[PDB]
$ cat final10.cif   # mmCIF, C-alpha atoms
data_upload
loop_
_atom_site.group_PDB
_atom_site.id
_atom_site.type_symbol
_atom_site.label_atom_id
_atom_site.label_comp_id
_atom_site.auth_asym_id
_atom_site.auth_seq_id
_atom_site.Cartn_x
_atom_site.Cartn_y
_atom_site.Cartn_z
ATOM 1 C CA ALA A 1 65.103 -20.733 36.668
ATOM 2 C CA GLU A 2 67.837 -19.750 37.903
ATOM 3 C CA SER A 3 67.003 -15.972 37.958
ATOM 4 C CA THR A 4 65.120 -15.647 41.261
ATOM 5 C CA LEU A 5 65.805 -17.129 44.698
ATOM 6 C CA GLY A 6 62.674 -19.358 44.996
ATOM 7 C CA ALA A 7 62.960 -20.786 41.464
ATOM 8 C CA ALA A 8 66.599 -21.616 42.093
ATOM 9 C CA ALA A 9 65.845 -23.210 45.475
ATOM 10 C CA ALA A 10 63.201 -25.328 43.753
ATOM 11 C CA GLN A 11 65.960 -26.806 41.498
ATOM 12 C CA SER A 12 66.948 -28.949 44.436
ATOM 13 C CA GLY A 13 63.441 -29.423 45.817
ATOM 14 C CA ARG A 14 63.682 -26.546 48.310
ATOM 15 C CA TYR A 15 61.920 -23.256 48.889
ATOM 16 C CA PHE A 16 63.179 -19.732 49.415
ATOM 17 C CA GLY A 17 60.708 -17.712 51.470
ATOM 18 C CA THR A 18 60.283 -14.415 53.208
ATOM 19 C CA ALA A 19 58.359 -12.685 55.958
ATOM 20 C CA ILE A 20 55.396 -10.696 54.631
ATOM 21 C CA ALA A 21 53.803 -7.901 56.543
ATOM 22 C CA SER A 22 50.163 -7.055 55.731
ATOM 23 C CA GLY A 23 50.928 -3.359 56.252
ATOM 24 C CA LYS A 24 53.437 -3.261 53.420
ATOM 25 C CA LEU A 25 50.949 -4.903 50.915
ATOM 26 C CA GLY A 26 49.953 -1.524 49.422
ATOM 27 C CA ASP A 27 53.604 -0.772 48.610
ATOM 28 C CA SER A 28 54.145 -2.069 45.099
ATOM 29 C CA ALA A 29 57.932 -1.862 45.076
ATOM 30 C CA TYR A 30 57.587 -4.253 48.009
ATOM 31 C CA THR A 31 55.160 -6.662 46.337
ATOM 32 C CA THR A 32 56.894 -6.658 42.960
ATOM 33 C CA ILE A 33 60.062 -7.920 44.679
ATOM 34 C CA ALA A 34 58.316 -10.189 47.175
ATOM 35 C CA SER A 35 56.151 -11.817 44.482
ATOM 36 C CA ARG A 36 59.093 -12.318 42.083
ATOM 37 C CA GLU A 37 61.700 -13.687 44.538
ATOM 38 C CA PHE A 38 59.994 -15.981 47.080
ATOM 39 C CA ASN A 39 57.953 -19.235 46.828
ATOM 40 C CA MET A 40 57.206 -19.290 50.571
ATOM 41 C CA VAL A 41 55.670 -16.792 52.916
ATOM 42 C CA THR A 42 55.449 -16.496 56.648
ATOM 43 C CA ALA A 43 53.069 -13.852 58.084
ATOM 44 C CA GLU A 44 55.345 -11.612 60.124
ATOM 45 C CA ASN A 45 52.783 -10.677 62.796
ATOM 46 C CA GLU A 46 49.320 -11.606 61.594
ATOM 47 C CA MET A 47 49.121 -15.224 62.763
ATOM 48 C CA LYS A 48 50.436 -14.661 66.303
ATOM 49 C CA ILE A 49 48.088 -15.321 69.298
ATOM 50 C CA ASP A 50 47.368 -11.653 69.941
ATOM 51 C CA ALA A 51 46.628 -11.206 66.232
ATOM 52 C CA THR A 52 44.286 -14.261 65.851
ATOM 53 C CA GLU A 53 42.580 -14.469 69.236
ATOM 54 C CA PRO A 54 42.696 -10.936 70.696
ATOM 55 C CA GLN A 55 39.555 -11.647 72.719
ATOM 56 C CA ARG A 56 39.072 -15.031 74.285
ATOM 57 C CA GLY A 57 37.077 -17.349 71.985
ATOM 58 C CA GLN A 58 36.597 -14.638 69.347
ATOM 59 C CA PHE A 59 39.132 -15.155 66.625
ATOM 60 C CA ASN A 60 40.116 -12.541 64.049
ATOM 61 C CA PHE A 61 41.472 -13.751 60.729
ATOM 62 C CA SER A 62 41.436 -10.678 58.550
ATOM 63 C CA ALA A 63 45.067 -9.677 58.625
ATOM 64 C CA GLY A 64 46.106 -13.345 58.587
ATOM 65 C CA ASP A 65 43.924 -14.179 55.621
ATOM 66 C CA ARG A 66 45.101 -11.107 53.765
ATOM 67 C CA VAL A 67 48.703 -12.338 53.927
ATOM 68 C CA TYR A 68 47.551 -15.912 53.302
ATOM 69 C CA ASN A 69 45.578 -15.046 50.199
ATOM 70 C CA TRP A 70 48.320 -12.745 48.858
ATOM 71 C CA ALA A 71 50.803 -15.576 49.171
ATOM 72 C CA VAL A 72 48.536 -18.095 47.630
ATOM 73 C CA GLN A 73 47.401 -15.955 44.732
ATOM 74 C CA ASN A 74 51.100 -15.262 43.952
ATOM 75 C CA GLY A 75 52.083 -18.893 43.766
ATOM 76 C CA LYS A 76 53.624 -19.232 47.232
ATOM 77 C CA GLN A 77 53.253 -21.679 50.071
ATOM 78 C CA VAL A 78 52.797 -20.563 53.653
ATOM 79 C CA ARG A 79 54.378 -21.176 57.059
ATOM 80 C CA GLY A 80 52.132 -20.570 60.063
ATOM 81 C CA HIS A 81 53.643 -18.407 62.819
ATOM 82 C CA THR A 82 52.886 -19.234 65.619
ATOM 83 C CA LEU A 83 50.497 -21.152 67.817
ATOM 84 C CA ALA A 84 52.050 -21.332 71.291
ATOM 85 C CA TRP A 85 54.474 -18.749 72.563
ATOM 86 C CA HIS A 86 55.340 -16.878 75.725
ATOM 87 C CA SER A 87 55.269 -13.500 73.926
ATOM 88 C CA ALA A 88 52.724 -11.896 71.672
ATOM 89 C CA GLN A 89 50.004 -13.113 74.036
ATOM 90 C CA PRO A 90 46.925 -10.976 74.523
ATOM 91 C CA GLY A 91 46.041 -9.542 77.927
ATOM 92 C CA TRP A 92 43.458 -12.200 78.740
ATOM 93 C CA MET A 93 46.043 -14.942 78.118
ATOM 94 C CA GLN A 94 48.904 -13.379 80.095
ATOM 95 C CA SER A 95 46.565 -13.315 83.082
ATOM 96 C CA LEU A 96 45.933 -17.112 82.858
ATOM 97 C CA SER A 97 47.759 -19.835 84.609
ATOM 98 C CA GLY A 98 47.539 -23.528 85.328
ATOM 99 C CA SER A 99 44.782 -25.596 83.746
ATOM 100 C CA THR A 100 42.804 -22.633 82.468
ATOM 101 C CA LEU A 101 45.841 -21.430 80.543
ATOM 102 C CA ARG A 102 46.384 -24.972 79.273
ATOM 103 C CA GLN A 103 42.797 -25.102 78.030
ATOM 104 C CA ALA A 104 43.277 -21.765 76.345
ATOM 105 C CA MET A 105 46.446 -22.954 74.655
ATOM 106 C CA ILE A 106 44.663 -26.073 73.306
ATOM 107 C CA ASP A 107 41.681 -23.989 72.235
ATOM 108 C CA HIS A 108 43.913 -21.547 70.370
ATOM 109 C CA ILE A 109 45.644 -24.290 68.398
ATOM 110 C CA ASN A 110 42.352 -25.999 67.521
ATOM 111 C CA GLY A 111 40.774 -22.742 66.348
ATOM 112 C CA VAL A 112 43.643 -21.316 64.341
ATOM 113 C CA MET A 113 44.661 -24.562 62.657
ATOM 114 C CA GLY A 114 40.947 -25.262 62.130
ATOM 115 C CA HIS A 115 40.498 -22.071 60.094
ATOM 116 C CA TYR A 116 43.670 -22.842 58.020
ATOM 117 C CA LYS A 117 43.204 -26.601 57.832
ATOM 118 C CA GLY A 118 45.057 -28.237 54.920
ATOM 119 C CA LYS A 119 46.359 -24.861 53.653
ATOM 120 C CA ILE A 120 49.558 -24.531 55.712
ATOM 121 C CA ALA A 121 52.794 -26.285 54.700
ATOM 122 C CA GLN A 122 54.463 -25.864 58.076
ATOM 123 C CA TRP A 123 53.300 -24.606 61.458
ATOM 124 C CA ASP A 124 55.540 -23.295 64.195
ATOM 125 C CA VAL A 125 53.514 -25.005 66.876
ATOM 126 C CA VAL A 126 55.767 -23.961 69.746
ATOM 127 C CA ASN A 127 58.146 -21.040 69.647
ATOM 128 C CA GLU A 128 61.153 -20.123 71.801
ATOM 129 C CA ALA A 129 60.506 -22.460 74.736
ATOM 130 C CA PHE A 130 64.148 -22.702 75.881
ATOM 131 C CA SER A 131 66.183 -20.304 77.969
ATOM 132 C CA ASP A 132 69.347 -18.282 77.168
ATOM 133 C CA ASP A 133 70.783 -18.458 80.739
ATOM 134 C CA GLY A 134 73.170 -21.242 79.582
ATOM 135 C CA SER A 135 71.419 -24.072 81.474
ATOM 136 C CA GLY A 136 69.890 -25.713 78.397
ATOM 137 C CA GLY A 137 66.605 -25.725 80.320
ATOM 138 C CA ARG A 138 63.103 -24.465 79.609
ATOM 139 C CA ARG A 139 62.300 -20.763 79.596
ATOM 140 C CA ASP A 140 60.184 -19.853 82.602
ATOM 141 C CA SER A 141 56.822 -18.661 81.307
ATOM 142 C CA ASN A 142 53.135 -19.022 82.165
ATOM 143 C CA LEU A 143 53.043 -21.834 79.601
ATOM 144 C CA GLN A 144 55.989 -23.706 81.168
ATOM 145 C CA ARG A 145 54.395 -23.157 84.597
ATOM 146 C CA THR A 146 51.359 -25.280 83.448
ATOM 147 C CA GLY A 147 53.647 -28.300 83.367
ATOM 148 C CA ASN A 148 56.640 -29.609 81.518
ATOM 149 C CA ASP A 149 54.402 -31.540 79.126
ATOM 150 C CA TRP A 150 52.997 -28.407 77.547
ATOM 151 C CA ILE A 151 55.127 -28.564 74.448
ATOM 152 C CA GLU A 152 54.279 -32.127 73.784
ATOM 153 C CA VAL A 153 50.554 -31.520 74.465
ATOM 154 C CA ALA A 154 50.718 -28.576 72.042
ATOM 155 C CA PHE A 155 52.149 -30.922 69.389
ATOM 156 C CA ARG A 156 49.589 -33.716 69.848
ATOM 157 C CA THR A 157 46.794 -31.192 69.690
ATOM 158 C CA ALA A 158 48.126 -29.680 66.524
ATOM 159 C CA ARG A 159 48.608 -33.109 64.820
ATOM 160 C CA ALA A 160 44.958 -33.964 65.480
ATOM 161 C CA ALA A 161 43.808 -30.478 64.519
ATOM 162 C CA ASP A 162 45.509 -30.539 61.083
ATOM 163 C CA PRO A 163 47.045 -33.868 60.128
ATOM 164 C CA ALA A 164 48.294 -32.423 56.769
ATOM 165 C CA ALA A 165 50.657 -29.825 58.337
ATOM 166 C CA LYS A 166 54.309 -30.219 59.182
ATOM 167 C CA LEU A 167 54.685 -29.421 62.841
ATOM 168 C CA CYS A 168 57.738 -27.465 63.834
ATOM 169 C CA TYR A 169 59.531 -26.552 66.985
ATOM 170 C CA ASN A 170 61.032 -23.064 66.358
ATOM 171 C CA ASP A 171 63.772 -21.217 68.301
ATOM 172 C CA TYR A 172 66.707 -18.782 68.081
ATOM 173 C CA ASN A 173 70.254 -19.446 69.338
ATOM 174 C CA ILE A 174 70.045 -23.177 68.614
ATOM 175 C CA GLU A 175 72.259 -22.876 65.470
ATOM 176 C CA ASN A 176 75.658 -23.465 67.183
ATOM 177 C CA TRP A 177 76.096 -27.196 67.932
ATOM 178 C CA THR A 178 78.093 -26.488 71.194
ATOM 179 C CA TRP A 179 75.547 -24.163 72.842
ATOM 180 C CA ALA A 180 73.585 -25.462 75.821
ATOM 181 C CA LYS A 181 70.281 -24.216 74.314
ATOM 182 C CA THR A 182 70.993 -26.246 71.138
ATOM 183 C CA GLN A 183 71.642 -29.359 73.222
ATOM 184 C CA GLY A 184 68.596 -28.846 75.443
ATOM 185 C CA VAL A 185 66.386 -28.728 72.320
ATOM 186 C CA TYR A 186 68.319 -31.532 70.702
ATOM 187 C CA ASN A 187 67.608 -33.645 73.800
ATOM 188 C CA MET A 188 63.927 -32.719 73.732
ATOM 189 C CA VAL A 189 63.433 -33.627 70.040
ATOM 190 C CA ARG A 190 65.366 -36.832 70.519
ATOM 191 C CA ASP A 191 63.181 -37.762 73.487
ATOM 192 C CA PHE A 192 60.080 -36.835 71.469
ATOM 193 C CA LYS A 193 61.046 -38.921 68.463
ATOM 194 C CA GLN A 194 61.926 -41.930 70.627
ATOM 195 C CA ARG A 195 58.513 -41.793 72.333
ATOM 196 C CA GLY A 196 56.566 -40.988 69.164
ATOM 197 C CA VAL A 197 55.530 -37.382 69.785
ATOM 198 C CA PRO A 198 54.281 -35.930 66.451
ATOM 199 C CA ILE A 199 57.005 -33.406 65.648
ATOM 200 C CA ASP A 200 57.990 -33.110 61.997
ATOM 201 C CA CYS A 201 60.384 -30.249 61.943
ATOM 202 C CA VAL A 202 62.759 -27.998 63.813
ATOM 203 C CA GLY A 203 62.990 -24.317 62.976
ATOM 204 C CA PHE A 204 66.283 -22.506 63.222
ATOM 205 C CA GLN A 205 65.438 -18.852 63.292
ATOM 206 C CA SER A 206 69.027 -18.160 62.221
ATOM 207 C CA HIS A 207 69.166 -14.555 63.449
ATOM 208 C CA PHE A 208 72.914 -14.022 63.127
ATOM 209 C CA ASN A 209 74.761 -11.112 64.688
ATOM 210 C CA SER A 210 77.687 -10.269 66.993
ATOM 211 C CA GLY A 211 75.864 -11.773 69.986
ATOM 212 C CA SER A 212 74.936 -14.973 68.039
ATOM 213 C CA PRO A 213 77.547 -15.398 65.345
ATOM 214 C CA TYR A 214 77.324 -17.868 62.453
ATOM 215 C CA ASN A 215 79.455 -20.846 63.105
ATOM 216 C CA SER A 216 80.240 -23.387 60.384
ATOM 217 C CA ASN A 217 79.196 -26.094 62.921
ATOM 218 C CA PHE A 218 75.705 -25.014 61.956
ATOM 219 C CA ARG A 219 75.926 -27.742 59.337
ATOM 220 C CA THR A 220 76.551 -30.224 62.148
ATOM 221 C CA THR A 221 73.579 -28.977 63.997
ATOM 222 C CA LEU A 222 71.359 -29.418 60.909
ATOM 223 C CA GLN A 223 72.788 -32.894 60.242
ATOM 224 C CA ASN A 224 72.286 -34.094 63.761
ATOM 225 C CA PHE A 225 68.644 -32.975 64.044
ATOM 226 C CA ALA A 226 67.830 -34.439 60.670
ATOM 227 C CA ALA A 227 69.297 -37.712 61.902
ATOM 228 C CA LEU A 228 66.602 -37.879 64.591
ATOM 229 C CA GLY A 229 64.017 -38.224 61.809
ATOM 230 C CA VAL A 230 62.779 -34.632 61.509
ATOM 231 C CA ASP A 231 63.008 -32.065 58.745
ATOM 232 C CA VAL A 232 64.843 -28.840 59.403
ATOM 233 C CA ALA A 233 64.170 -25.337 58.351
ATOM 234 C CA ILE A 234 65.918 -22.026 58.417
ATOM 235 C CA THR A 235 62.954 -19.914 59.359
ATOM 236 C CA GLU A 236 63.949 -16.306 60.081
ATOM 237 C CA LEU A 237 67.321 -15.753 58.485
ATOM 238 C CA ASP A 238 69.049 -12.437 58.685
ATOM 239 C CA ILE A 239 72.733 -11.612 59.128
ATOM 240 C CA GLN A 240 73.972 -8.446 60.683
ATOM 241 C CA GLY A 241 75.874 -6.494 58.013
ATOM 242 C CA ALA A 242 74.734 -8.951 55.327
ATOM 243 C CA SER A 243 78.131 -10.494 54.613
ATOM 244 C CA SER A 244 78.065 -12.219 51.213
ATOM 245 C CA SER A 245 80.295 -14.975 52.484
ATOM 246 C CA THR A 246 78.175 -15.679 55.558
ATOM 247 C CA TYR A 247 75.046 -15.625 53.414
ATOM 248 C CA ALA A 248 76.664 -18.104 50.944
ATOM 249 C CA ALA A 249 77.787 -20.278 53.885
ATOM 250 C CA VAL A 250 74.326 -20.581 55.462
ATOM 251 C CA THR A 251 72.825 -21.293 52.043
ATOM 252 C CA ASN A 252 75.413 -24.023 51.540
ATOM 253 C CA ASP A 253 74.688 -25.553 54.932
ATOM 254 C CA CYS A 254 71.123 -25.957 53.843
ATOM 255 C CA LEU A 255 72.007 -27.483 50.429
ATOM 256 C CA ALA A 256 74.282 -30.088 52.040
ATOM 257 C CA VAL A 257 71.494 -31.499 54.290
ATOM 258 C CA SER A 258 68.834 -33.285 52.347
ATOM 259 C CA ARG A 259 66.097 -32.829 55.005
ATOM 260 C CA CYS A 260 66.633 -29.070 54.993
ATOM 261 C CA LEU A 261 63.385 -27.960 53.412
ATOM 262 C CA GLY A 262 64.481 -24.418 52.591
ATOM 263 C CA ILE A 263 65.375 -20.948 53.772
ATOM 264 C CA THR A 264 63.205 -18.053 54.796
ATOM 265 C CA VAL A 265 64.735 -14.579 55.211
ATOM 266 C CA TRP A 266 63.025 -12.315 57.748
ATOM 267 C CA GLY A 267 61.726 -9.593 55.421
ATOM 268 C CA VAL A 268 62.175 -8.373 51.868
ATOM 269 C CA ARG A 269 64.172 -5.159 52.077
ATOM 270 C CA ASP A 270 66.532 -3.869 54.774
ATOM 271 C CA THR A 271 64.036 -1.070 55.468
ATOM 272 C CA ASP A 272 61.409 -3.786 56.298
ATOM 273 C CA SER A 273 63.581 -5.678 58.793
ATOM 274 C CA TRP A 274 63.049 -5.695 62.559
ATOM 275 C CA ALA A 275 66.753 -4.711 62.586
ATOM 276 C CA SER A 276 66.865 -2.328 59.642
ATOM 277 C CA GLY A 277 69.805 -0.506 61.204
ATOM 278 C CA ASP A 278 71.956 -3.596 60.783
ATOM 279 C CA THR A 279 70.918 -3.848 57.050
ATOM 280 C CA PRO A 280 70.829 -7.595 57.395
ATOM 281 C CA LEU A 281 68.746 -8.733 54.347
ATOM 282 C CA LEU A 282 69.238 -9.349 50.617
ATOM 283 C CA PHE A 283 67.670 -6.131 49.147
ATOM 284 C CA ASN A 284 68.386 -2.432 49.853
ATOM 285 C CA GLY A 285 65.804 0.165 50.900
ATOM 286 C CA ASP A 286 65.508 1.178 47.253
ATOM 287 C CA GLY A 287 64.936 -2.356 45.882
ATOM 288 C CA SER A 288 68.380 -2.999 44.387
ATOM 289 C CA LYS A 289 70.019 -6.390 45.022
ATOM 290 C CA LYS A 290 72.803 -6.605 47.627
ATOM 291 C CA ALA A 291 76.018 -8.551 47.096
ATOM 292 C CA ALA A 292 74.579 -11.177 49.421
ATOM 293 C CA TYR A 293 71.695 -11.645 46.974
ATOM 294 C CA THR A 294 74.156 -12.641 44.284
ATOM 295 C CA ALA A 295 76.026 -14.924 46.653
ATOM 296 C CA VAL A 296 72.900 -16.738 47.793
ATOM 297 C CA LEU A 297 71.697 -17.025 44.185
ATOM 298 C CA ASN A 298 74.957 -18.485 43.010
ATOM 299 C CA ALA A 299 74.955 -21.004 45.856
ATOM 300 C CA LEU A 300 71.366 -22.089 45.040
ATOM 301 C CA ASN A 301 72.349 -22.449 41.407
ATOM 302 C CA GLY A 302 75.482 -23.998 42.859
#

$ encode --input "final10.cif" --output "structure tokens"
Amino acid sequence: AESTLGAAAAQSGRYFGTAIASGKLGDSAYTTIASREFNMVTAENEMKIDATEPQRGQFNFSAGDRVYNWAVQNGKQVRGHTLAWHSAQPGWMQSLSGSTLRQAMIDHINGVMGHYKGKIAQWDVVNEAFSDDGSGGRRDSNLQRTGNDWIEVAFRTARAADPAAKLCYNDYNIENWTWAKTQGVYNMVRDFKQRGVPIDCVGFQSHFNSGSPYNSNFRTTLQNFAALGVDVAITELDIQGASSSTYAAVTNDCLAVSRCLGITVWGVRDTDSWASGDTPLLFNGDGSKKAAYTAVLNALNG
């Protein structure tokens, strides 16, 4: 196949994934589609820090396992999302600073990766660490305020916690090769690779809209990161208005870069999207395929 997105991606060694939401798992229109079309699953909410460690030291894996087991029973692999992040922190973690927050960050990684050890294809270890103010510099968060080495410490922890997982740095607005943010991250991954920090992948959320338009230099971005010796992934793809041509273009960027592992779109139907008003996904509210679906499919069969 040929007929579905994931089977067609697999023709060139790649995956086509989606974001799954444990709450929509009793909707069978939703699971029929999701099961048929994707070979990769990211839990949309259920593996975030507030979802896995809502009380300090007391982890909660129900919602995460529910998504995990659905995926796995339906033939899919899984991306973990996400271990260290400025948002989606619980109350007890937002209150922490300095070394105590550091210890909590390390503890979270160890615990979450521990529970999922050897069962996760990729982990977004660190998420959205860079700023949008145009400086190319780090976002100012409690995590950053523990010291500039937090990202790297997060990565070394995670490598030791689950040596089988691909470790990703994930971020939005790093798709355009000329943006500061792109270059700030580029420079970090370069520095990492040169010094031997265990980072395996970079995750391009690929949330495209009027404020962050697709640029065909996205292919240059993907090429240049790959050339540092990392894989790349399109992790949270959606496109405001769901242009067929933009959807075919992004798909074709991925197919032209051999270290591009695959594409994940951020939800199944437009009604499931965090931006449902923009109808930015491949399926309509009612389950019918959008033009973009056909364009992506053709490209993957391309």

$ resolve_selection --input "final10.cif" --expression "the PyMOL selection byres ((chain A and resi 194-203) around 8)" --output "MDAnalysis selection string"
chainID A and resid 124 152 155:156 159 166:171 189:193 204:205 225 229:235

$ resolve_selection --input "final10.cif" --expression "the PyMOL selection byres ((chain A and resi 107-119) around 10)" --output "PyMOL selection string"
chain A and resi 47-49+52-53+56-61+64-65+68+72+77-80+82-84+101-106+120-123+125+154-155+157-165

$ closest_residue --input "final10.cif" --among "A:17, A:147, A:134, A:54" --to "residue 97 in chain A" --atoms "only C-alpha atoms"
A:147

$ resolve_selection --input "final10.cif" --expression "the PyMOL selection byres ((chain A and resi 258-266) around 7)" --output "PyMOL selection string"
chain A and resi 14-19+226+231-238+254-257+267+273

$ closest_residue --input "final10.cif" --among "A:245, A:39, A:92, A:131" --to "residue 70 in chain A" --atoms "only C-alpha atoms"
A:39

$ atom_distance --input "final10.cif" --atom1 "CA of residue 150 in chain A" --atom2 "CA of residue 40 in chain A"
28.8 Å

$ residues_near_point --input "final10.cif" --point "(56.5, -8.2, 47.2)" --cutoff "12 Å" --atoms "all atoms listed in the file" --output "ChimeraX atom specification"
/A:17-41,67,70-71,74,76,267-269,272,283,287

$ atom_distance --input "final10.cif" --atom1 "CA of residue 46 in chain A" --atom2 "CA of residue 275 in chain A"
18.8 Å

$ atom_distance --input "final10.cif" --atom1 "CA of residue 13 in chain A" --atom2 "CA of residue 177 in chain A"
25.6 Å

$ closest_residue --input "final10.cif" --among "A:274, A:85, A:179, A:247" --to "residue 296 in chain A" --atoms "all atoms listed in the file"
A:247

$ closest_residue --input "final10.cif" --among "A:146, A:288, A:221, A:99" --to "residue 182 in chain A" --atoms "only C-alpha atoms"
A:221

$ residues_near_point --input "final10.cif" --point "(67.2, -19.1, 35.6)" --cutoff "12 Å" --atoms "only C-alpha atoms" --output "ChimeraX atom specification"
/A:1-11,37,297-298,300-301

$ axis_aligned_box --input "final10.cif" --around "range 256-268 of chain A" --padding-each-side "5 Å" --output "lines of an AutoDock Vina configuration file"
center_x = 68.0
center_y = -20.8
center_z = 54.8
size_x = 22.6
size_y = 34.9
size_z = 15.9

$ residues_around --input "final10.cif" --residues "residue 217 in chain A" --least-positions-apart "3" --cutoff "10 Å" --atoms "all atoms listed in the file" --output "PyMOL selection string"
chain A and resi 175-178+214+220-223+253
